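*Asks:* Could you have a look at this structure, given as C-alpha cells, before my questions?
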Amino acid sequence: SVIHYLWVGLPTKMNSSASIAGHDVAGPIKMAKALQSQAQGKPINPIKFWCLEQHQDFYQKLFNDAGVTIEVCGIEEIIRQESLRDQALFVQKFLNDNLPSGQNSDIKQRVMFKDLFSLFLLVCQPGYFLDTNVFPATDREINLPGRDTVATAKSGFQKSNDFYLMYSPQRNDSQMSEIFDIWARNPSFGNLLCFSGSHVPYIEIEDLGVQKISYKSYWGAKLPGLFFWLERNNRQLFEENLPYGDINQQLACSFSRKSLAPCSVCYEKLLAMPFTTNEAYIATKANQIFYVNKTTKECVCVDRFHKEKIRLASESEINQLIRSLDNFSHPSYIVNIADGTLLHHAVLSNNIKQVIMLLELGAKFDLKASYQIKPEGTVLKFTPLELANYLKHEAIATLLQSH
Amino acid sequence: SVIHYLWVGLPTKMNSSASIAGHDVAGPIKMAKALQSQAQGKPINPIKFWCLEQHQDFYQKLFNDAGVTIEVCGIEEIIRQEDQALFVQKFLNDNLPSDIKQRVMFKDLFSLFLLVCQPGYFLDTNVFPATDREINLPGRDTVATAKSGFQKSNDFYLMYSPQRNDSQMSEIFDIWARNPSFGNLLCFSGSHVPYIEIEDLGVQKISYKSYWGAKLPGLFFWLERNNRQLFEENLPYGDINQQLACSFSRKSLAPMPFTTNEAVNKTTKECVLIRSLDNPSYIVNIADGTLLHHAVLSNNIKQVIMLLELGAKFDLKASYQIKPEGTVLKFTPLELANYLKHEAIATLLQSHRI
Ligand SMILES: O=c1ccn([C@@H]2O[C@H](COP(=O)(O)OP(=O)(O)O)[C@@H](O)[C@H]2O)c(=O)[nH]1
Ligand SMILES: O=c1ccn([C@@H]2O[C@H](COP(=O)(O)OP(=O)(O)O)[C@@H](O)[C@H]2O)c(=O)[nH]1
C-alpha cells in the first residue's frame, strides 16, 4: 500500500528550459490531493518521493507548501543506509560513472537510472512505483491495493510489461530480485527484456483508478516549461500546470516562426503563373519542386509536406509552409532567438484568446525578446506590443490600451 | 577620371549582424590610402562614395576619421537633381522603404544610372587595389567593363563611361530598365562593350557573395579567414566586443557491429565532420556570443591569443544551449573553455584575469 514517485534531475522550476512545467510534482500533488479526498476515514496510501538529495529540502518544501503529505526521500539516503541482502551497490557504480557533477547529464542516462533505481527501489521497499506522469483518473476512485505477486502494467505501446507502473509485495521477492539482475547484465535505454527473464503478471492500470500520460521527453527536442501546455490549448490544462512554472519566464523559442510575405503553392522556366503573392514554391509537370520570385526572376529548383496536385493549382497558400527543408533561397520568416515569452509566442501565432488568457493570469506585457530575420540577418528587440505592430496582428488594441 | 563607389543599405558598423564588417568602407579606404602613397605630386583621381543620404554625416565622419579624401554623395540628392530618372526613384520607393537581393538589384540599376549622369569609373566596395602593383586608372573613349569571374562575358563590378549620356551607356540602361532581375547580365549583350583587363588597372576584385543568405556577420567573416593580417586589417571596421547570437558556433561532444565511439550508440541501444543535421548532442551559442567566445569554442588558441592582444574583453557572458536537451548555460569565455575542456586556452584566460 505504498506509493513510490520518482524524479531524477533538477526540479522543473530550476530547469525551466529542459523540463516540462510540473513534470515531477503535478501527478504526485494531484495524487496525494486525490488520495486524501476519497478515504473518508484514516486509510491513506503512503507517498514517497525519491530525488537527488540536493533537492530534498526544495522538494520537501514544495509538497507541504501545496498542502499534501509526501515524505521526500533521497536517492543516496537509502544507499548510505544499506539494507541482510545489502549487496545493491551496483546502483552507485552506474550513478557515479555518468552523472555526479552539476550540469544536467544527457537525458537518456537519467531515464536509464530511473529504470535501474525503480527496479532497485522495489527490491528494498515493497509497494507501488509510478512515474510522476501517473495522475489520478477523472471522476473515478483511486484504488491501490496490495497483492501477492510482482506485477507490472501493460506495455502500452507493445505487448509486454513496462516500467511506468510496477508492484512488489515483499522485500527481495525472488521474482523482483531476479528481474534486477537481468537489467545489470545488459543495462541500456528502456531494456524491456529484463521482464522476459520470467513471466511477469500484468496489472490493468485502469482498474486502479489511475492513468498514465506519455510526455515522451527524450524523443528529440520539445517545448519547454509552460510552452508544452500552451500548445495543448486546453485552458483548463494550462491553468492546472501554471502553478508549477512562471508566466514570465523568458526562453529562446526556436519554434516561434512566422513568414513576412505570404507566398503560394502551385502546379517550366517561365513559370510566371498568376499567383497573387510575390512568390511561391510550385510543383512541376514531374520531377520535383521550384522556388519562384516574381520580384526578381529566380526559379531555383529545390513528395511530402506541400502537395497541390488536382482541381485547384495556383490557389492554395500558407499553412505550415515551413519548407525549410529546401535550404536554398526561400522567403523571409521571423524567429525568436532569445528571451521570448508565452505572451510573445501568443502574439506571434495571432492567438488573441491566448494573449487574453495570459494577460489575465498575470503575464507582464512589455518584456523584450530577441528576434531575427534568418537569411537577412536583422535582429530586432521587441516587446509583445512591438512584435504585434511589426507582424501586423490586430492584438495591439489589447496590448496598447491597458485593461 | 572619376571613381564611383556605391553602397546600398545600412553602414556595416551599425548592421554588424546582417552585413560583413568593412564590406562598404574597407576597399574604398585602401584605394584612397594607396592613391596618395607616393610622391606622385598633387593630381589624384577624385573618389566619390554613393550611399543613402541618411548616412552622409556618418560616412563623411568615417572617411575623415581615417587619412583619406573621399567626397560622399547621396543617392537621393542626385536623383532629385536629375533627365528621366524617375525610374530610379520609382524603383527606389517600390523596393526600398529591406531584402538584400532587392538591394543588389538597385546597386545594378543605380550604377548604370550613375555612369549615364557622371562619366568615369565604377567599382564595388569589394574592389581593392592590387597587391604590390601600381594603380593606373586612365580615361578611355568607350563604355567598357571588366570580365566576369565565371564564363566569358561582361560584368557589373567594374565599369566605365567616357562621356555624359553616351549613346551606348544609355542604351545598356534601357535594357535593364524594362527587364529588371537579379544580376541581369544580358544588358551588356545589347552591344559589344569593350573589355577591361582588371590587372592592367592595378586593382583587384574580391567576392564575398553577400547575398547567399548564409554568410558570417561583422568581424566573424574575417576571423574565419584565419589570416591574422586580414582580421587585424579589417578590425577597425567593426567591434572586437560585439555580442551576437552566433548559431554557426556549434560543437560536438563525442568524436551488432563494433563502432568504437559511435558515429549506433554503445551506451544506449540504437536501432537506426560537421554535416550532422539529422532527425548526437551538441552545444550552440544562442545569445550574446563574441569573437573570443567563438575562438574559445573552435579551440583556436591562436585566435584566442590574437584577440586577447587586440583588446577583446575576456569576461563577457554568453548564452549556450545543448541541442537535444533544452539546457541554457551562461558562460564567460573562460567558463566555456573549462566546460568544453580546452587545455591551453582555459589556462590562458585564467591568467589574463589576474
Ligand atoms: O528527466 C526525467 C525524465 C523522466 N523521468 C521519469 O520518467 C517519467 C517521465 O516519462 P516520459 O513521459 O518522459 O517518457 P514516457 O513515459 O513516454 O516513456 C517521470 O514521471 C519520471 O518518473 C525522470 O525522473 N526524469
Ligand atoms: O547590402 C549591400 C550589399 C552589397 N552592396 C554592393 O554590392 C557589393 C557586393 O558584392 P559581393 O562581392 O557581395 O557580390 P559578388 O560580386 O561576389 O557577386 C558591395 O561591394 C557593394 O558595392 C550594397 O550596396 N549593399
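Ordered as shown in the C-alpha cells, chains take letters A, B, and onward, while each chain numbers its residues from 1 and ligands are numbered from 1 in the order shown.
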Up to 10 Å from chain A, what residues of chain B turn up? Count only C-alpha atoms and give them as number ranges by chain.

*Replies:* B: 15-19, 95, 98-102, 105, 179-184, 211-217, 244-245, 247, 266-270, 279, 281, 286-288, 319, 321-329, 339

*Asks:* Do you know which residues are within 8 Å of ligand 1 using only C-alpha atoms and all ligand atoms? Can you write them as a PDB file with C-alpha atoms, in the first residue's frame?

*Replies:*
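File produced: pocket_13.pdb:
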ATOM      1  CA  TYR A   5       7.101   8.510  -7.028  1.00  0.00           C
ATOM      2  CA  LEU A   6      10.496   9.192  -8.569  1.00  0.00           C
ATOM      3  CA  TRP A   7      12.095  12.182 -10.287  1.00  0.00           C
ATOM      4  CA  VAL A   8      15.712  12.173 -11.480  1.00  0.00           C
ATOM      5  CA  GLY A   9      17.169  15.576 -12.412  1.00  0.00           C
ATOM      6  CA  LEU A  10      16.696  19.175 -11.417  1.00  0.00           C
ATOM      7  CA  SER A  19      11.922  20.185 -18.379  1.00  0.00           C
ATOM      8  CA  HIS A  23       6.635  17.193 -14.855  1.00  0.00           C
ATOM      9  CA  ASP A  24       7.819  15.944 -11.494  1.00  0.00           C
ATOM     10  CA  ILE A 107      18.627  12.840 -20.569  1.00  0.00           C
ATOM     11  CA  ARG A 110      18.798   9.703 -16.459  1.00  0.00           C
ATOM     12  CA  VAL A 111      15.930   7.610 -17.845  1.00  0.00           C
ATOM     13  CA  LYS A 114      15.124   5.775 -13.450  1.00  0.00           C
ATOM     14  CA  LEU A 130       4.743   5.261 -10.529  1.00  0.00           C
ATOM     15  CA  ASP A 131       6.246   7.715 -12.931  1.00  0.00           C
ATOM     16  CA  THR A 132       5.320  11.260 -11.944  1.00  0.00           C
ATOM     17  CA  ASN A 133       3.252  11.159 -15.135  1.00  0.00           C
ATOM     18  CA  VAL A 134       0.781   8.931 -13.466  1.00  0.00           C
ATOM     19  CA  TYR A 164       5.630   3.092 -15.824  1.00  0.00           C
ATOM     20  CA  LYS A 212      -0.540   7.237 -17.496  1.00  0.00           C
ATOM     21  CA  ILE A 213       0.415  10.054 -19.762  1.00  0.00           C
ATOM     22  CA  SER A 214       3.395   9.852 -22.068  1.00  0.00           C
ATOM     23  CA  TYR A 215       5.286  13.046 -22.367  1.00  0.00           C
ATOM     24  CA  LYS A 216       7.940  11.337 -24.495  1.00  0.00           C
ATOM     25  CA  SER A 217      10.601  13.560 -23.081  1.00  0.00           C
ATOM     26  CA  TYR A 218      13.670  12.242 -24.821  1.00  0.00           C
TER      27      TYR A 218
END

*Asks:* What's the separation between CA of residue 131 (chain B) and CA of residue 235 (chain B), in Å to one decimal place?

*Replies:* 19.8 Å

*Asks:* Neighbouring residues of residue 30 (chain A) were defined as those with any atom within 7 Å, considering only C-alpha atoms; residues of the same chain fewer than 3 positions away were excluded. Please report them as a list in words.

*Replies:*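 Close residues of residue 30 (chain A): residues 26, 27, 33, 34, 135 and 136 of chain A.
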
*Asks:* I want to know what sits within 8 Å of residue 297 (chain B), based on only C-alpha atoms, with residues of the same chain fewer than 4 positions away left out; could you give that as a PyMOL selection string?

*Replies:* chain B and resi 249-251+293+336-337+340

*Asks:* Please produce an output containing N, CA and C atoms for each residue in the selection, written as a PDB file, in the first residue's frame.

*Replies:*
ATOM      1  N   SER B 249      28.465  28.925 -34.411  1.00  0.00           N
ATOM      2  CA  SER B 249      29.390  28.438 -33.392  1.00  0.00           C
ATOM      3  C   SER B 249      28.746  27.239 -32.697  1.00  0.00           C
ATOM      4  N   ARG B 250      28.903  26.067 -33.309  1.00  0.00           N
ATOM      5  CA  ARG B 250      28.400  24.824 -32.744  1.00  0.00           C
ATOM      6  C   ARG B 250      29.544  23.835 -32.553  1.00  0.00           C
ATOM      7  N   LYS B 251      29.337  22.872 -31.661  1.00  0.00           N
ATOM      8  CA  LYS B 251      30.351  21.862 -31.382  1.00  0.00           C
ATOM      9  C   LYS B 251      29.717  20.522 -31.023  1.00  0.00           C
ATOM     10  N   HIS B 293      34.553  34.222 -27.709  1.00  0.00           N
ATOM     11  CA  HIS B 293      33.752  33.038 -27.413  1.00  0.00           C
ATOM     12  C   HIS B 293      33.834  32.020 -28.543  1.00  0.00           C
ATOM     13  N   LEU B 336      33.334  28.796 -20.813  1.00  0.00           N
ATOM     14  CA  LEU B 336      33.131  27.941 -21.976  1.00  0.00           C
ATOM     15  C   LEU B 336      34.321  27.013 -22.180  1.00  0.00           C
ATOM     16  N   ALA B 337      35.534  27.507 -21.904  1.00  0.00           N
ATOM     17  CA  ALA B 337      36.735  26.707 -22.124  1.00  0.00           C
ATOM     18  C   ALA B 337      36.860  25.585 -21.101  1.00  0.00           C
ATOM     19  N   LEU B 340      33.989  23.020 -22.058  1.00  0.00           N
ATOM     20  CA  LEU B 340      34.379  22.246 -23.227  1.00  0.00           C
ATOM     21  C   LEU B 340      35.672  21.472 -23.011  1.00  0.00           C
TER      22      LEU B 340
END

*Asks:* Can you pull out every residue from region 29-263 of chain B that DSSP, working from the backbone, puts in strand (DSSP E or B), and format the result as a PDB file with N, CA, C and O atoms, in the first residue's frame?

*Replies:*
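Writing done, so here's states-v8.pdb:
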ATOM      1  N   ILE B  47      37.529  60.531 -55.747  1.00  0.00           N
ATOM      2  CA  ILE B  47      36.783  59.362 -55.306  1.00  0.00           C
ATOM      3  C   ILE B  47      35.452  59.826 -54.740  1.00  0.00           C
ATOM      4  O   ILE B  47      35.408  60.693 -53.859  1.00  0.00           O
ATOM      5  N   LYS B  48      34.368  59.258 -55.254  1.00  0.00           N
ATOM      6  CA  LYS B  48      33.029  59.515 -54.756  1.00  0.00           C
ATOM      7  C   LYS B  48      32.482  58.243 -54.127  1.00  0.00           C
ATOM      8  O   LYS B  48      32.745  57.137 -54.611  1.00  0.00           O
ATOM      9  N   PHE B  49      31.723  58.405 -53.047  1.00  0.00           N
ATOM     10  CA  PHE B  49      31.120  57.290 -52.324  1.00  0.00           C
ATOM     11  C   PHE B  49      29.624  57.555 -52.264  1.00  0.00           C
ATOM     12  O   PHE B  49      29.179  58.477 -51.573  1.00  0.00           O
ATOM     13  N   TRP B  50      28.853  56.742 -52.978  1.00  0.00           N
ATOM     14  CA  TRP B  50      27.413  56.929 -53.091  1.00  0.00           C
ATOM     15  C   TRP B  50      26.693  56.037 -52.090  1.00  0.00           C
ATOM     16  O   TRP B  50      26.896  54.819 -52.073  1.00  0.00           O
ATOM     17  N   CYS B  51      25.863  56.654 -51.255  1.00  0.00           N
ATOM     18  CA  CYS B  51      25.080  55.949 -50.256  1.00  0.00           C
ATOM     19  C   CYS B  51      23.758  56.682 -50.095  1.00  0.00           C
ATOM     20  O   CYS B  51      23.515  57.708 -50.734  1.00  0.00           O
ATOM     21  N   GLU B  71      34.839  62.306 -51.227  1.00  0.00           N
ATOM     22  CA  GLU B  71      33.604  63.088 -51.233  1.00  0.00           C
ATOM     23  C   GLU B  71      32.401  62.154 -51.230  1.00  0.00           C
ATOM     24  O   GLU B  71      32.158  61.442 -52.212  1.00  0.00           O
ATOM     25  N   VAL B  72      31.643  62.154 -50.138  1.00  0.00           N
ATOM     26  CA  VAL B  72      30.447  61.323 -50.039  1.00  0.00           C
ATOM     27  C   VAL B  72      29.278  62.052 -50.687  1.00  0.00           C
ATOM     28  O   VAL B  72      29.031  63.230 -50.403  1.00  0.00           O
ATOM     29  N   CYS B  73      28.544  61.350 -51.543  1.00  0.00           N
ATOM     30  CA  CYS B  73      27.376  61.896 -52.216  1.00  0.00           C
ATOM     31  C   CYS B  73      26.160  61.041 -51.887  1.00  0.00           C
ATOM     32  O   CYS B  73      26.283  59.875 -51.504  1.00  0.00           O
ATOM     33  N   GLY B  74      24.976  61.619 -52.060  1.00  0.00           N
ATOM     34  CA  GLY B  74      23.734  60.943 -51.725  1.00  0.00           C
ATOM     35  C   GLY B  74      23.030  60.421 -52.967  1.00  0.00           C
ATOM     36  O   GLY B  74      22.988  61.088 -53.999  1.00  0.00           O
ATOM     37  N   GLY B 120      33.071  58.288 -65.956  1.00  0.00           N
ATOM     38  CA  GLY B 120      34.193  57.825 -65.166  1.00  0.00           C
ATOM     39  C   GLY B 120      34.118  56.347 -64.850  1.00  0.00           C
ATOM     40  O   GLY B 120      33.503  55.577 -65.592  1.00  0.00           O
ATOM     41  N   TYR B 121      34.734  55.942 -63.747  1.00  0.00           N
ATOM     42  CA  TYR B 121      34.765  54.547 -63.335  1.00  0.00           C
ATOM     43  C   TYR B 121      33.706  54.258 -62.279  1.00  0.00           C
ATOM     44  O   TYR B 121      33.181  55.157 -61.618  1.00  0.00           O
ATOM     45  N   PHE B 122      33.409  52.970 -62.125  1.00  0.00           N
ATOM     46  CA  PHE B 122      32.569  52.482 -61.042  1.00  0.00           C
ATOM     47  C   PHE B 122      33.170  51.194 -60.509  1.00  0.00           C
ATOM     48  O   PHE B 122      33.456  50.274 -61.283  1.00  0.00           O
ATOM     49  N   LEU B 123      33.249  51.081 -59.195  1.00  0.00           N
ATOM     50  CA  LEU B 123      33.773  49.896 -58.581  1.00  0.00           C
ATOM     51  C   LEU B 123      32.965  49.540 -57.377  1.00  0.00           C
ATOM     52  O   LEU B 123      32.440  50.397 -56.718  1.00  0.00           O
ATOM     53  N   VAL B 127      36.239  46.071 -54.601  1.00  0.00           N
ATOM     54  CA  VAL B 127      37.363  46.256 -55.478  1.00  0.00           C
ATOM     55  C   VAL B 127      38.438  47.019 -54.764  1.00  0.00           C
ATOM     56  O   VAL B 127      38.337  48.201 -54.515  1.00  0.00           O
ATOM     57  N   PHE B 128      39.471  46.284 -54.425  1.00  0.00           N
ATOM     58  CA  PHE B 128      40.628  46.789 -53.708  1.00  0.00           C
ATOM     59  C   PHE B 128      41.744  47.130 -54.682  1.00  0.00           C
ATOM     60  O   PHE B 128      41.679  46.795 -55.870  1.00  0.00           O
ATOM     61  N   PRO B 129      42.783  47.820 -54.223  1.00  0.00           N
ATOM     62  CA  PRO B 129      43.996  47.930 -55.038  1.00  0.00           C
ATOM     63  C   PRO B 129      44.684  46.580 -55.154  1.00  0.00           C
ATOM     64  O   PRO B 129      44.594  45.731 -54.263  1.00  0.00           O
ATOM     65  N   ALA B 144      33.251  50.447 -71.259  1.00  0.00           N
ATOM     66  CA  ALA B 144      33.907  49.159 -71.126  1.00  0.00           C
ATOM     67  C   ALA B 144      33.833  48.689 -69.681  1.00  0.00           C
ATOM     68  O   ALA B 144      33.870  49.495 -68.748  1.00  0.00           O
ATOM     69  N   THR B 145      33.723  47.376 -69.509  1.00  0.00           N
ATOM     70  CA  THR B 145      33.618  46.758 -68.197  1.00  0.00           C
ATOM     71  C   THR B 145      34.722  45.726 -68.018  1.00  0.00           C
ATOM     72  O   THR B 145      35.463  45.400 -68.948  1.00  0.00           O
ATOM     73  N   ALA B 146      34.717  45.107 -66.866  1.00  0.00           N
ATOM     74  CA  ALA B 146      35.657  44.067 -66.576  1.00  0.00           C
ATOM     75  C   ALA B 146      35.073  42.739 -66.983  1.00  0.00           C
ATOM     76  O   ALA B 146      33.946  42.662 -67.423  1.00  0.00           O
ATOM     77  N   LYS B 147      35.847  41.681 -66.812  1.00  0.00           N
ATOM     78  CA  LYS B 147      35.414  40.349 -67.177  1.00  0.00           C
ATOM     79  C   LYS B 147      34.838  39.610 -65.999  1.00  0.00           C
ATOM     80  O   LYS B 147      35.368  39.663 -64.912  1.00  0.00           O
ATOM     81  N   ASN B 154      30.827  40.189 -69.976  1.00  0.00           N
ATOM     82  CA  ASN B 154      30.910  41.357 -69.125  1.00  0.00           C
ATOM     83  C   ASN B 154      30.346  41.215 -67.709  1.00  0.00           C
ATOM     84  O   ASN B 154      29.728  40.211 -67.361  1.00  0.00           O
ATOM     85  N   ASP B 155      30.534  42.251 -66.898  1.00  0.00           N
ATOM     86  CA  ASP B 155      30.111  42.149 -65.505  1.00  0.00           C
ATOM     87  C   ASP B 155      29.962  43.539 -64.898  1.00  0.00           C
ATOM     88  O   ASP B 155      30.543  44.517 -65.377  1.00  0.00           O
ATOM     89  N   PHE B 156      29.171  43.606 -63.822  1.00  0.00           N
ATOM     90  CA  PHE B 156      28.814  44.873 -63.189  1.00  0.00           C
ATOM     91  C   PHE B 156      29.884  45.431 -62.255  1.00  0.00           C
ATOM     92  O   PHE B 156      29.871  46.636 -61.985  1.00  0.00           O
ATOM     93  N   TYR B 157      30.801  44.598 -61.753  1.00  0.00           N
ATOM     94  CA  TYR B 157      31.659  45.020 -60.647  1.00  0.00           C
ATOM     95  C   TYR B 157      32.678  46.085 -61.035  1.00  0.00           C
ATOM     96  O   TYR B 157      33.265  46.708 -60.145  1.00  0.00           O
ATOM     97  N   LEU B 158      32.912  46.304 -62.324  1.00  0.00           N
ATOM     98  CA  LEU B 158      33.837  47.345 -62.761  1.00  0.00           C
ATOM     99  C   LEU B 158      33.395  47.809 -64.136  1.00  0.00           C
ATOM    100  O   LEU B 158      33.353  47.010 -65.074  1.00  0.00           O
ATOM    101  N   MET B 159      33.057  49.091 -64.247  1.00  0.00           N
ATOM    102  CA  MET B 159      32.519  49.650 -65.477  1.00  0.00           C
ATOM    103  C   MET B 159      33.157  51.005 -65.741  1.00  0.00           C
ATOM    104  O   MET B 159      33.822  51.584 -64.877  1.00  0.00           O
ATOM    105  N   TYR B 160      32.950  51.508 -66.956  1.00  0.00           N
ATOM    106  CA  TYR B 160      33.478  52.806 -67.348  1.00  0.00           C
ATOM    107  C   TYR B 160      32.559  53.443 -68.376  1.00  0.00           C
ATOM    108  O   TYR B 160      31.989  52.754 -69.226  1.00  0.00           O
ATOM    109  N   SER B 161      32.428  54.766 -68.290  1.00  0.00           N
ATOM    110  CA  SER B 161      31.720  55.562 -69.272  1.00  0.00           C
ATOM    111  C   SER B 161      32.572  56.792 -69.559  1.00  0.00           C
ATOM    112  O   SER B 161      33.100  57.412 -68.623  1.00  0.00           O
ATOM    113  N   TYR B 195      36.268  45.277 -73.334  1.00  0.00           N
ATOM    114  CA  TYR B 195      36.551  44.630 -72.066  1.00  0.00           C
ATOM    115  C   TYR B 195      37.765  45.295 -71.436  1.00  0.00           C
ATOM    116  O   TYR B 195      38.685  45.738 -72.129  1.00  0.00           O
ATOM    117  N   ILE B 196      37.754  45.376 -70.110  1.00  0.00           N
ATOM    118  CA  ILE B 196      38.850  45.959 -69.350  1.00  0.00           C
ATOM    119  C   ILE B 196      39.565  44.839 -68.616  1.00  0.00           C
ATOM    120  O   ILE B 196      38.935  44.046 -67.906  1.00  0.00           O
ATOM    121  N   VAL B 203      44.030  47.225 -59.875  1.00  0.00           N
ATOM    122  CA  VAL B 203      43.011  46.980 -58.863  1.00  0.00           C
ATOM    123  C   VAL B 203      42.528  45.543 -58.999  1.00  0.00           C
ATOM    124  O   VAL B 203      42.610  44.939 -60.072  1.00  0.00           O
ATOM    125  N   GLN B 204      42.011  45.000 -57.909  1.00  0.00           N
ATOM    126  CA  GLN B 204      41.540  43.628 -57.912  1.00  0.00           C
ATOM    127  C   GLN B 204      40.234  43.459 -57.170  1.00  0.00           C
ATOM    128  O   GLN B 204      40.001  44.100 -56.177  1.00  0.00           O
ATOM    129  N   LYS B 205      39.396  42.562 -57.659  1.00  0.00           N
ATOM    130  CA  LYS B 205      38.097  42.308 -57.078  1.00  0.00           C
ATOM    131  C   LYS B 205      38.030  41.055 -56.247  1.00  0.00           C
ATOM    132  O   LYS B 205      38.559  40.023 -56.620  1.00  0.00           O
ATOM    133  N   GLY B 218      29.540  40.703 -39.474  1.00  0.00           N
ATOM    134  CA  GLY B 218      30.546  41.599 -38.926  1.00  0.00           C
ATOM    135  C   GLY B 218      31.962  41.084 -39.079  1.00  0.00           C
ATOM    136  O   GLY B 218      32.413  40.748 -40.181  1.00  0.00           O
ATOM    137  N   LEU B 244      26.691  38.793 -30.321  1.00  0.00           N
ATOM    138  CA  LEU B 244      25.770  38.331 -31.345  1.00  0.00           C
ATOM    139  C   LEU B 244      25.354  36.905 -31.026  1.00  0.00           C
ATOM    140  O   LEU B 244      26.097  36.154 -30.388  1.00  0.00           O
ATOM    141  N   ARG B 250      28.903  26.067 -33.309  1.00  0.00           N
ATOM    142  CA  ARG B 250      28.400  24.824 -32.744  1.00  0.00           C
ATOM    143  C   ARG B 250      29.544  23.835 -32.553  1.00  0.00           C
ATOM    144  O   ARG B 250      30.592  23.933 -33.197  1.00  0.00           O
ATOM    145  N   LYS B 251      29.337  22.872 -31.661  1.00  0.00           N
ATOM    146  CA  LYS B 251      30.351  21.862 -31.382  1.00  0.00           C
ATOM    147  C   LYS B 251      29.717  20.522 -31.023  1.00  0.00           C
ATOM    148  O   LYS B 251      28.535  20.453 -30.687  1.00  0.00           O
TER     149      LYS B 251
END

*Asks:* Just checking: using only C-alpha atoms, which residue out of B:110, B:150, B:188, B:63 ends up closest to residue 207 (chain B)?

*Replies:*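 Among the listed residues, B:150 lies closest to residue 207 (chain B).
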
*Asks:* Residues within 10 Å of residue 399 (chain A), please, as a ChimeraX atom specification. Count only C-alpha atoms; anything in the same chain fewer than 4 positions from it doesn't count.

*Replies:* /A:347,355-356,359,365-366,383-386,388,394-395,403

*Asks:* Could you write out the selected residues, including N, CA and C atoms, as a PDB file, in the first residue's frame?

*Replies:*
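Produced file again-v2.pdb, reproduced below:
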ATOM      1  N   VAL A 347       1.477  36.239 -29.143  1.00  0.00           N
ATOM      2  CA  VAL A 347       1.366  37.359 -30.073  1.00  0.00           C
ATOM      3  C   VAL A 347       1.795  36.944 -31.477  1.00  0.00           C
ATOM      4  N   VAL A 355      -3.432  35.381 -25.929  1.00  0.00           N
ATOM      5  CA  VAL A 355      -2.938  36.669 -25.445  1.00  0.00           C
ATOM      6  C   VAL A 355      -3.801  37.169 -24.295  1.00  0.00           C
ATOM      7  N   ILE A 356      -5.117  36.974 -24.399  1.00  0.00           N
ATOM      8  CA  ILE A 356      -6.026  37.418 -23.346  1.00  0.00           C
ATOM      9  C   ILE A 356      -5.925  36.509 -22.127  1.00  0.00           C
ATOM     10  N   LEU A 359      -2.632  37.445 -20.320  1.00  0.00           N
ATOM     11  CA  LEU A 359      -2.707  38.774 -19.726  1.00  0.00           C
ATOM     12  C   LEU A 359      -3.586  38.789 -18.481  1.00  0.00           C
ATOM     13  N   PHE A 365       3.462  42.458 -19.879  1.00  0.00           N
ATOM     14  CA  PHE A 365       3.070  42.673 -21.265  1.00  0.00           C
ATOM     15  C   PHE A 365       4.064  43.471 -22.097  1.00  0.00           C
ATOM     16  N   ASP A 366       5.201  43.893 -21.537  1.00  0.00           N
ATOM     17  CA  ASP A 366       6.126  44.686 -22.340  1.00  0.00           C
ATOM     18  C   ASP A 366       7.579  44.269 -22.099  1.00  0.00           C
ATOM     19  N   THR A 383       9.055  44.289 -27.612  1.00  0.00           N
ATOM     20  CA  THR A 383       8.031  43.989 -26.625  1.00  0.00           C
ATOM     21  C   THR A 383       6.866  43.291 -27.322  1.00  0.00           C
ATOM     22  N   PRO A 384       6.006  42.587 -26.572  1.00  0.00           N
ATOM     23  CA  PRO A 384       4.846  41.949 -27.221  1.00  0.00           C
ATOM     24  C   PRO A 384       4.021  42.928 -28.036  1.00  0.00           C
ATOM     25  N   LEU A 385       3.820  44.146 -27.523  1.00  0.00           N
ATOM     26  CA  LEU A 385       3.153  45.179 -28.307  1.00  0.00           C
ATOM     27  C   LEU A 385       3.959  45.526 -29.555  1.00  0.00           C
ATOM     28  N   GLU A 386       5.285  45.622 -29.424  1.00  0.00           N
ATOM     29  CA  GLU A 386       6.111  45.980 -30.573  1.00  0.00           C
ATOM     30  C   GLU A 386       6.128  44.865 -31.612  1.00  0.00           C
ATOM     31  N   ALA A 388       3.715  42.901 -32.108  1.00  0.00           N
ATOM     32  CA  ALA A 388       2.378  42.869 -32.687  1.00  0.00           C
ATOM     33  C   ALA A 388       2.219  43.920 -33.779  1.00  0.00           C
ATOM     34  N   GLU A 394      -3.773  42.299 -35.358  1.00  0.00           N
ATOM     35  CA  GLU A 394      -4.794  43.066 -34.652  1.00  0.00           C
ATOM     36  C   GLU A 394      -4.996  42.590 -33.215  1.00  0.00           C
ATOM     37  N   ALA A 395      -3.960  42.754 -32.401  1.00  0.00           N
ATOM     38  CA  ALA A 395      -3.993  42.367 -30.997  1.00  0.00           C
ATOM     39  C   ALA A 395      -3.414  43.477 -30.121  1.00  0.00           C
ATOM     40  N   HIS A 403      -6.056  47.782 -19.526  1.00  0.00           N
ATOM     41  CA  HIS A 403      -7.185  46.945 -19.126  1.00  0.00           C
ATOM     42  C   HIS A 403      -6.837  45.486 -18.855  1.00  0.00           C
TER      43      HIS A 403
END

*Asks:* Which polymer residues have any atom within 12 Å of an atom of residue 75 (chain B), counting only C-alpha atoms, with same-chain residues fewer than 2 positions away left out, as a count of residues only?

*Replies:* 34

*Asks:* Can you tell me how far CA of residue 52 (chain A) sits from CA of residue 93 (chain A), in Å to one decimal?

*Replies:*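 Taking CA of residue 52 (chain A) as the start and CA of residue 93 (chain A) as the end point, the length is 15.7 Å.
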
*Asks:* Name all residues at most 9 Å from residue 141 (chain A) (count only C-alpha atoms; drop same-chain ones fewer than 2 positions away) and give them as a PyMOL selection string.

*Replies:* chain A and resi 34+38+136-139+143+208-210

*Asks:* I need the residue nearest residue 285 (chain A) from this list: A:268, A:150, A:201, A:66. Use only C-alpha atoms for the distance.

*Replies:*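 Closest to residue 285 (chain A), using only C-alpha atoms: A:268.
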
*Asks:* Tell me, which residues of region 69-216 of chain B carry DSSP helix (DSSP H, G or I), written as JSON, numbers by chain?

*Replies:* {"B": [75, 76, 77, 78, 79, 80, 81, 86, 87, 88, 89, 90, 91, 92, 93, 100, 101, 102, 103, 104, 105, 106, 107, 108, 109, 110, 111, 112, 113, 114, 115, 116, 117, 169, 170, 171, 172, 173, 174, 175, 176, 177, 185, 186, 187, 188, 189, 190, 198, 199, 200, 201]}

*Asks:* Report, in Å with one decimal, the straight-line distance from CA of residue 49 (chain A) to CA of residue 206 (chain A).

*Replies:*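 Rounded to one decimal, the two atoms are 22.6 Å apart.
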